[PDB]
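The file upload29.tsv contains TSV, C-alpha atoms:
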chain	number	residue	atom	x	y	z
I	1	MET	CA	178.80	84.95	-71.40
I	2	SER	CA	177.47	86.40	-74.64
I	3	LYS	CA	174.68	84.53	-76.41
I	4	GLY	CA	177.21	83.71	-79.10
I	5	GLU	CA	179.50	81.98	-76.62
I	6	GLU	CA	176.73	79.48	-75.87
I	7	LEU	CA	177.20	78.14	-79.41
I	8	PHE	CA	180.74	76.97	-78.56
I	9	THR	CA	180.11	74.88	-75.43
I	10	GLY	CA	180.86	71.60	-77.20
I	11	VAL	CA	182.71	70.26	-80.26
I	12	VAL	CA	181.87	72.33	-83.33
I	13	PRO	CA	182.40	71.30	-86.97
I	14	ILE	CA	184.46	73.77	-88.99
I	15	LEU	CA	184.48	74.43	-92.73
I	16	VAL	CA	186.95	76.73	-94.47
I	17	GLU	CA	186.85	77.88	-98.10
I	18	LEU	CA	189.48	80.12	-99.64
I	19	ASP	CA	189.94	81.55	-103.11
I	20	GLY	CA	193.36	83.08	-103.68
I	21	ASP	CA	195.36	84.92	-106.30
I	22	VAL	CA	199.03	85.69	-105.63
I	23	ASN	CA	200.83	87.49	-108.46
I	24	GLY	CA	198.21	86.03	-110.80
I	25	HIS	CA	198.72	82.46	-109.56
I	26	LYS	CA	195.17	81.43	-108.71
I	27	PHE	CA	194.24	78.65	-106.33
I	28	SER	CA	191.56	77.44	-103.96
I	29	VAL	CA	191.75	75.71	-100.60
I	30	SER	CA	189.09	73.83	-98.68
I	31	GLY	CA	189.39	72.84	-95.05
I	32	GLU	CA	187.45	70.77	-92.55
I	33	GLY	CA	187.83	70.00	-88.89
I	34	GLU	CA	186.46	70.58	-85.43
I	35	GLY	CA	186.95	73.08	-82.65
I	36	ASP	CA	186.43	72.71	-78.91
I	37	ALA	CA	186.67	76.26	-77.55
I	38	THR	CA	186.41	75.18	-73.93
I	39	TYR	CA	189.95	73.85	-74.43
I	40	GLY	CA	190.93	76.30	-77.18
I	41	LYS	CA	191.51	73.26	-79.38
I	42	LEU	CA	191.34	73.03	-83.17
I	43	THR	CA	192.03	70.10	-85.50
I	44	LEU	CA	191.86	70.76	-89.24
I	45	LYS	CA	192.92	69.42	-92.60
I	46	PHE	CA	193.30	71.70	-95.60
I	47	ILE	CA	193.48	70.70	-99.24
I	48	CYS	CA	194.51	72.71	-102.29
I	49	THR	CA	191.63	71.86	-104.63
I	50	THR	CA	193.13	73.38	-107.77
I	51	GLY	CA	196.44	71.50	-107.85
I	52	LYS	CA	199.74	72.51	-106.27
I	53	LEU	CA	199.63	75.41	-103.84
I	54	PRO	CA	201.65	78.32	-105.36
I	55	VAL	CA	202.74	79.64	-101.94
I	56	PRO	CA	204.03	77.81	-98.85
I	57	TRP	CA	201.37	76.33	-96.61
I	58	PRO	CA	202.80	78.06	-93.52
I	59	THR	CA	202.06	81.45	-95.04
I	60	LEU	CA	198.33	80.67	-95.09
I	61	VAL	CA	197.95	79.45	-91.52
I	62	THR	CA	196.85	82.78	-90.04
I	63	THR	CA	194.39	83.34	-92.89
I	64	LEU	CA	192.76	79.89	-92.94
I	65	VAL	CA	188.71	81.16	-86.56
I	66	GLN	CA	189.72	83.02	-83.42
I	67	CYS	CA	186.24	82.41	-82.07
I	68	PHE	CA	187.70	79.06	-80.88
I	69	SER	CA	190.09	80.75	-78.46
I	70	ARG	CA	189.83	79.68	-74.84
I	71	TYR	CA	189.03	82.82	-72.85
I	72	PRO	CA	189.63	82.50	-69.09
I	73	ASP	CA	186.50	82.99	-66.98
I	74	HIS	CA	187.78	86.36	-65.76
I	75	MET	CA	188.20	87.55	-69.35
I	76	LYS	CA	184.98	86.38	-70.96
I	77	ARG	CA	183.59	89.92	-71.23
I	78	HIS	CA	186.45	90.53	-73.67
I	79	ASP	CA	185.67	87.80	-76.21
I	80	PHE	CA	184.54	89.78	-79.24
I	81	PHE	CA	184.73	86.80	-81.60
I	82	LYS	CA	182.10	84.60	-80.02
I	83	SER	CA	179.88	87.58	-79.16
I	84	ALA	CA	179.47	88.34	-82.87
I	85	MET	CA	178.00	84.87	-83.49
I	86	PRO	CA	175.86	83.49	-85.03
I	87	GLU	CA	175.64	86.42	-87.48
I	88	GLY	CA	179.41	86.49	-87.59
I	89	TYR	CA	182.19	88.89	-88.31
I	90	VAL	CA	184.30	90.10	-91.19
I	91	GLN	CA	188.03	89.60	-90.65
I	92	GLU	CA	190.37	91.61	-92.83
I	93	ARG	CA	194.14	91.60	-92.91
I	94	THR	CA	197.10	93.01	-94.73
I	95	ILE	CA	200.20	90.84	-94.31
I	96	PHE	CA	203.52	92.40	-95.32
I	97	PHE	CA	206.27	89.88	-96.12
I	98	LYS	CA	209.53	91.67	-95.44
I	99	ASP	CA	211.45	92.34	-98.65
I	100	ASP	CA	208.68	90.65	-100.63
I	101	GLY	CA	204.99	91.05	-101.46
I	102	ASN	CA	201.87	91.36	-99.38
I	103	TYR	CA	198.63	89.49	-98.89
I	104	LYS	CA	195.30	91.23	-98.41
I	105	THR	CA	192.56	89.02	-97.08
I	106	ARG	CA	188.85	89.42	-96.40
I	107	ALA	CA	186.91	86.68	-94.68
I	108	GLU	CA	183.46	86.20	-93.27
I	109	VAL	CA	183.23	83.88	-90.27
I	110	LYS	CA	179.73	82.82	-89.28
I	111	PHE	CA	177.58	79.82	-88.45
I	112	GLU	CA	175.71	77.94	-91.14
I	113	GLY	CA	173.63	75.72	-88.91
I	114	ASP	CA	175.92	73.78	-86.56
I	115	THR	CA	178.95	74.43	-88.75
I	116	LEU	CA	181.31	77.34	-88.16
I	117	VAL	CA	182.28	78.56	-91.63
I	118	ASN	CA	185.26	80.71	-92.65
I	119	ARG	CA	185.01	81.97	-96.26
I	120	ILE	CA	188.05	83.87	-97.49
I	121	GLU	CA	189.28	85.82	-100.50
I	122	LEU	CA	193.07	86.34	-100.60
I	123	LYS	CA	194.93	88.64	-102.97
I	124	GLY	CA	198.71	88.78	-103.04
I	125	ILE	CA	200.77	91.22	-105.09
I	126	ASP	CA	204.34	92.39	-105.55
I	127	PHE	CA	205.97	89.06	-104.78
I	128	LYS	CA	209.36	88.12	-106.15
I	129	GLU	CA	209.18	85.17	-108.56
I	130	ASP	CA	212.28	83.64	-106.95
I	131	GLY	CA	211.51	84.86	-103.46
I	132	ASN	CA	210.91	82.82	-100.33
I	133	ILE	CA	207.18	82.67	-100.99
I	134	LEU	CA	206.74	81.99	-104.70
I	135	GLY	CA	210.02	80.06	-104.61
I	136	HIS	CA	208.81	77.79	-101.80
I	137	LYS	CA	211.84	78.31	-99.56
I	138	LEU	CA	210.01	78.25	-96.23
I	139	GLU	CA	210.22	75.35	-93.80
I	140	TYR	CA	207.06	73.39	-92.96
I	141	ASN	CA	207.23	74.30	-89.27
I	142	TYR	CA	205.50	75.11	-85.99
I	143	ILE	CA	203.89	78.56	-85.97
I	144	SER	CA	203.97	79.83	-82.37
I	145	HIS	CA	203.09	83.48	-81.76
I	146	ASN	CA	200.83	85.97	-80.03
I	147	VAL	CA	198.09	88.21	-81.40
I	148	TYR	CA	197.72	91.60	-79.70
I	149	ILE	CA	194.13	92.79	-79.69
I	150	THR	CA	192.70	96.26	-79.16
I	151	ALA	CA	189.15	97.59	-79.35
I	152	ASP	CA	188.05	99.59	-82.40
I	153	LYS	CA	184.98	101.39	-81.03
I	154	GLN	CA	184.53	103.45	-84.20
I	155	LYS	CA	183.83	100.24	-86.13
I	156	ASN	CA	182.14	98.39	-83.26
I	157	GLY	CA	184.92	95.83	-83.53
I	158	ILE	CA	188.59	95.15	-82.91
I	159	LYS	CA	192.00	95.51	-84.47
I	160	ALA	CA	195.20	93.56	-84.01
I	161	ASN	CA	198.81	93.68	-85.14
I	162	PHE	CA	201.47	91.03	-84.74
I	163	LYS	CA	204.58	89.51	-86.25
I	164	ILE	CA	204.86	86.03	-87.68
I	165	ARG	CA	208.35	84.72	-88.39
I	166	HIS	CA	208.66	81.93	-90.94
I	167	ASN	CA	211.86	79.87	-90.88
I	168	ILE	CA	213.62	79.84	-94.24
I	169	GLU	CA	215.37	76.67	-95.50
I	170	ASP	CA	218.77	78.31	-94.99
I	171	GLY	CA	218.26	78.97	-91.30
I	172	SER	CA	217.17	82.58	-91.73
I	173	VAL	CA	213.72	84.07	-91.16
I	174	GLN	CA	211.00	85.54	-93.36
I	175	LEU	CA	209.03	88.11	-91.40
I	176	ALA	CA	205.29	88.52	-92.07
I	177	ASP	CA	203.90	91.64	-90.37
I	178	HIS	CA	200.18	91.20	-89.76
I	179	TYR	CA	197.58	93.98	-89.51
I	180	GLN	CA	194.05	92.92	-88.71
I	181	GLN	CA	190.57	94.40	-88.34
I	182	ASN	CA	187.35	92.62	-87.39
I	183	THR	CA	183.83	94.02	-87.55
I	184	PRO	CA	180.49	92.39	-86.74
I	185	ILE	CA	178.15	91.38	-89.56
I	186	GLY	CA	175.04	91.66	-87.37
I	187	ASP	CA	173.64	94.76	-85.68
I	188	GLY	CA	173.38	93.29	-82.18
I	189	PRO	CA	175.68	94.27	-79.30
I	190	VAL	CA	179.13	92.73	-79.21
I	191	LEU	CA	181.85	92.62	-76.58
I	192	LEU	CA	184.51	95.29	-77.19
I	193	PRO	CA	187.64	94.18	-75.30
I	194	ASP	CA	190.26	95.84	-73.18
I	195	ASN	CA	193.76	95.21	-74.54
I	196	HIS	CA	194.84	91.57	-74.36
I	197	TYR	CA	196.39	88.88	-76.52
I	198	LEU	CA	195.81	85.41	-77.89
I	199	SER	CA	198.57	82.86	-77.50
I	200	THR	CA	198.42	80.19	-80.22
I	201	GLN	CA	200.39	76.96	-80.65
I	202	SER	CA	200.21	75.63	-84.22
I	203	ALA	CA	201.60	72.23	-85.29
I	204	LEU	CA	201.76	71.38	-88.99
I	205	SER	CA	201.84	67.84	-90.31
I	206	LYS	CA	200.94	65.64	-93.28
I	207	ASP	CA	198.32	62.92	-93.77
I	208	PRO	CA	200.35	59.84	-94.82
I	209	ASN	CA	197.51	58.63	-97.06
I	210	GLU	CA	196.82	61.97	-98.75
I	211	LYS	CA	198.24	62.55	-102.24
I	212	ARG	CA	196.72	65.99	-102.82
I	213	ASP	CA	198.72	69.05	-101.71
I	214	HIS	CA	197.50	69.54	-98.14
I	215	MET	CA	198.19	70.60	-94.57
I	216	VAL	CA	197.06	69.05	-91.29
I	217	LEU	CA	196.93	71.52	-88.42
I	218	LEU	CA	196.58	71.04	-84.67
I	219	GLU	CA	196.19	74.29	-82.74
I	220	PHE	CA	195.63	75.42	-79.17
I	221	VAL	CA	194.72	79.03	-78.48
I	222	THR	CA	194.27	80.81	-75.17
I	223	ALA	CA	193.50	84.44	-74.31
I	224	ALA	CA	195.67	86.17	-71.71
I	225	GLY	CA	197.06	89.54	-70.65
I	226	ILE	CA	194.40	90.54	-68.13
Starting from the coordinates I provided, produce the structure as structure tokens.
Amino acid sequence: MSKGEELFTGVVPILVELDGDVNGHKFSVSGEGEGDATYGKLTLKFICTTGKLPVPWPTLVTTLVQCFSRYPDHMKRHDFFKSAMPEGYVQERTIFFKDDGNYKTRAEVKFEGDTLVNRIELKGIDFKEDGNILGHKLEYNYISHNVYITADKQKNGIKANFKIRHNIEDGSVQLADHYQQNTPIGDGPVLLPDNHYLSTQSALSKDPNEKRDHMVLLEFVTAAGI
């Protein structure tokens, strides 16, 4: 029941802005949607504003607002994400694609008025030109995984590590090992959690009337483990 959680009681507009550079291939993505944390529900549409996306859309799902997670009543003292609002938090990750390159991301998630904004910078290096990522060999599928969270008292925040498996067009899998760290932007108290995890269901689709390179995403996220 942090003060920040009070800002998520209803439907909240979401805005996402990302600038990326993977092996020198630069691109930008904008996203808009709404989140209803009471139900851990998110509906968003992302657009590559610079032309064709140089990496597969599924590889950007985790990067492109865990503050919308539905925390059970008995676990609300463990919701770091909402507690950091409205000032927000910095979310950083290193994502290692097995036998390929890695993404390093830094984002600031905070409220700008009634809108929850996620601004991100993504840098990818060491990718293979004809690999599964730059070669666009990943299926446009359902990302269903867990995120294991632990407190990071030293940084007044949290850390998390988890695996994302992306189906490859040949039936195989491209592993993406995620390492995450979140720290509050403000100086007020936040909720440092006991170990737990977030279970997210992500469905990817296309807007039949959209000609720009894009991704429509429907997600449901719920905290558990305690």
Near-residue 174 (chain I) list (12 Å; only C-alpha atoms; drop same-chain fewer than 2 positions) as a PDB file with C-alpha atoms, in the frame of the given file:
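Dumped everything to part_17.pdb:
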ATOM      1  CA  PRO I  56     204.030  77.810 -98.850  1.00  0.00           C
ATOM      2  CA  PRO I  58     202.800  78.060 -93.520  1.00  0.00           C
ATOM      3  CA  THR I  59     202.060  81.450 -95.040  1.00  0.00           C
ATOM      4  CA  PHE I  96     203.520  92.400 -95.320  1.00  0.00           C
ATOM      5  CA  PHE I  97     206.270  89.880 -96.120  1.00  0.00           C
ATOM      6  CA  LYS I  98     209.530  91.670 -95.440  1.00  0.00           C
ATOM      7  CA  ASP I  99     211.450  92.340 -98.650  1.00  0.00           C
ATOM      8  CA  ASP I 100     208.680  90.650-100.630  1.00  0.00           C
ATOM      9  CA  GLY I 101     204.990  91.050-101.460  1.00  0.00           C
ATOM     10  CA  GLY I 131     211.510  84.860-103.460  1.00  0.00           C
ATOM     11  CA  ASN I 132     210.910  82.820-100.330  1.00  0.00           C
ATOM     12  CA  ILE I 133     207.180  82.670-100.990  1.00  0.00           C
ATOM     13  CA  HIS I 136     208.810  77.790-101.800  1.00  0.00           C
ATOM     14  CA  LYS I 137     211.840  78.310 -99.560  1.00  0.00           C
ATOM     15  CA  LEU I 138     210.010  78.250 -96.230  1.00  0.00           C
ATOM     16  CA  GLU I 139     210.220  75.350 -93.800  1.00  0.00           C
ATOM     17  CA  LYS I 163     204.580  89.510 -86.250  1.00  0.00           C
ATOM     18  CA  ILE I 164     204.860  86.030 -87.680  1.00  0.00           C
ATOM     19  CA  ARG I 165     208.350  84.720 -88.390  1.00  0.00           C
ATOM     20  CA  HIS I 166     208.660  81.930 -90.940  1.00  0.00           C
ATOM     21  CA  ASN I 167     211.860  79.870 -90.880  1.00  0.00           C
ATOM     22  CA  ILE I 168     213.620  79.840 -94.240  1.00  0.00           C
ATOM     23  CA  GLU I 169     215.370  76.670 -95.500  1.00  0.00           C
ATOM     24  CA  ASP I 170     218.770  78.310 -94.990  1.00  0.00           C
ATOM     25  CA  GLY I 171     218.260  78.970 -91.300  1.00  0.00           C
ATOM     26  CA  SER I 172     217.170  82.580 -91.730  1.00  0.00           C
ATOM     27  CA  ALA I 176     205.290  88.520 -92.070  1.00  0.00           C
ATOM     28  CA  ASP I 177     203.900  91.640 -90.370  1.00  0.00           C
TER      29      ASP I 177
END
Nearest to residue 210 (chain I) by atom-to-atom distance, counting all atoms listed in the file, from I:128, I:145, I:45, I:106:
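Smallest distance to residue 210 (chain I) is found for I:45.
When all atoms listed in the file are used to measure the gap to residue 93 (chain I), the shortest distance among I:158, I:179, I:121, I:30 belongs to I:179.
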What is the distance between CA of residue 142 (chain I) and CA of residue 203 (chain I), in Å to one decimal?
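If I compute the distance from CA of residue 142 (chain I) to CA of residue 203 (chain I), I get 4.9 Å.
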Ranking I:65, I:221, I:215, I:175 by minimum distance to residue 111 (chain I) and counting all atoms listed in the file, which one comes first?
I:65
